[PDB]
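J.: My sequence and its experimental structure, below.
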Amino acid sequence: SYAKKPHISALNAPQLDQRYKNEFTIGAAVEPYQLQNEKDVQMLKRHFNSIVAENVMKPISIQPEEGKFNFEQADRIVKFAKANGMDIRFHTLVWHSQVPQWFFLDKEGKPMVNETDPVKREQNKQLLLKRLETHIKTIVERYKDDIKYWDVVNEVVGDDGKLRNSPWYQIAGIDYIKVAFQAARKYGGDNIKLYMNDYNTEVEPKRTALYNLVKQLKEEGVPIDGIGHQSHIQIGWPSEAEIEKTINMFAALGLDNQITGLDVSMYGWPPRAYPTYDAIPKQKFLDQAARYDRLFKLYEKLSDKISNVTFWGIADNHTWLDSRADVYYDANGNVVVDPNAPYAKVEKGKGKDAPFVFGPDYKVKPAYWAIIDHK
Ligand SMILES: [Cl-]
Ligand SMILES: [Cl-]
Ligand SMILES: [Zn+2]
Ligand SMILES: [Zn+2]
Ligand SMILES: [Zn+2]
Ligand SMILES: [Zn+2]
Ligand SMILES: [Zn+2]
Ligand SMILES: [Zn+2]
Ligand SMILES: [Zn+2]
Ligand SMILES: [Zn+2]
């Protein structure tokens, strides 16, 4: 939007959540250590009214061995949110990544996916489903009074438009999704809100597969209240038109929509990253600000169908996108960022992305001014 507008400390900037408070909550994803850092604490207090765990509420973080529950890290995020009046999202009860392998071992300690006996396969399904229910039961019995929004399952639809063929699906079929939602409703009650969370929700054939799956589950009475759109997006993709079509399509089913992991990468896919923040040209930040301007104008247009927009981080000094920021080098050792250009080697995850409206020094970016205004 504007470059006249100064690069001031975000701790002196108009509050993001208050700008959007009648449209949707504004959330940030966090690690417990950020709650012991003065600037991160002040950022959350000043700008955000919703919170989610980057990592410490994922399955392997909560029950790394059967019967060993580590709630200590998740508790710290819950305590902070309650003390500051923030909504909490739980990420996530079921996922094919960051998930302990003991879930999928049969009683003899062998991988359940290798079982060929159909009678044993059925016993493995029921055992996996029992373990799934106990994991969800224990978590929801602890947090049902504190955590309003739940990513019950994450990424269960494949990018090929089929259900994702994870061990969950190989072993139990579609019932693991039904069991997860039924268990969360049973032990959590009517007041927690249950979401199916995924990325590339705008992209066919994934989008229609997600649509059909949710429609079918709600016809069968499986409790599902909304869709989580991870929204790990780029400056130019996906188009605002396709985002709008997606949000409307699920709203038509009676589903809430939440933007659960928003970041606007500086790069394409696979990314060709700059090696450092300082090397990103100023024009990239202007392009990103214009993208954020259109994006939040669209969220506001659709505000009656969106209850929350959560960024997957606080400020540019910390983003999981850095793990994807591969730096490409030509034969002379110069950085290559042109997506089709010659190159000799790549340094995977060594570069720097810049996906938020707050810079790594906790000063506001052009993208912040683009979404704090009313134009
Ligand atoms: Cl991270
Ligand atoms: Cl800066
Ligand atoms: Zn306003
Ligand atoms: Zn606030
Ligand atoms: Zn630097
Ligand atoms: Zn709303
Ligand atoms: Zn992180
Ligand atoms: Zn992630
Ligand atoms: Zn700066
Ligand atoms: Zn604007």
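T.: Cool, got the structure. Numbering: from 1, shown residues only. Ligands and ions are numbered 1, 2, ... in the order given.
J.: okay, CA-based contacts and neighbour counts for the rest of this
T.: OK.
J.: Residue 88 and residue 106: what is the separation?
T.: Relative to residue 106, residue 88 is positioned 35 Å away (C-alpha to C-alpha, to the nearest Å).
J.: Figure out the helix or strand that residue 257 lives in.
T.: Assigning secondary structure by DSSP states H and E places residue 257 in strand 256-264.
J.: should've said residue 145
T.: Using DSSP H and E, residue 145 falls within no helix or strand.
J.: where does it fall, phi/psi-wise?
T.: Main-chain torsions, residue 145, degrees, to the nearest 10: phi -90, psi -10.
J.: Please name the residues that touch it.
T.: Taking C-alpha atoms under 8 Å, 6 or more residues apart in numbering, we find residue 145 in contact with no residue.
J.: Smallest gap between the stretch 1-150 of the chain and ligand 1, at which residue?
T.: Going by C-alpha to the ion, ligand 1 is nearest to residue 54 of the stretch 1-150 of the chain, at 7.0 Å.
J.: Which residues of the stretch 201-350 of the chain lie near ligand 1?
T.: 319-320 (C-alpha under 5 Å from the ion).
J.: any idea how far the residue of the chain positioned farthest from its centre lies from ligand 1?
T.: Taking C-alpha atoms, centre = their mean as the measure, the residue most remote from the mean C-alpha position of the chain is residue 332, 38.1 Å away. Look at residue 332 and ligand 1: by C-alpha to the ion, to the nearest Å, they are 31 Å apart.
J.: Same check on residue 179?
T.: 30 Å.
J.: can you count the residues close to that residue?
T.: Residues near residue 179, counting by other C-alpha atoms under 10 Å, number 17.
J.: List the contacts of it.
T.: Contacts of residue 179 (C-alpha under 8 Å, 6+ apart): 129, 132-133.
J.: Kindly calculate the angle that whichever helix or strand residue 294 is part of makes with strand 256-264.
T.: When elements are assigned from DSSP H and E, residue 294 belongs to helix 282-301. Using axes from the mean of the first three to the mean of the last three C-alpha atoms, to 10 degrees, the direction of helix 282-301 lies 170 degrees away from that of strand 256-264.
J.: Show me what the next helix or strand after helix 282-301 is packed against.
T.: Per DSSP H and E, the first helix or strand lying C-terminal to helix 282-301 is strand 306-311. With contacts defined as 3 or more C-alpha pairs under 8 Å, 6 or more residues apart in numbering; DSSP states H and E, the secondary structure elements packing on strand 306-311 are strand 25-30, strand 256-264.
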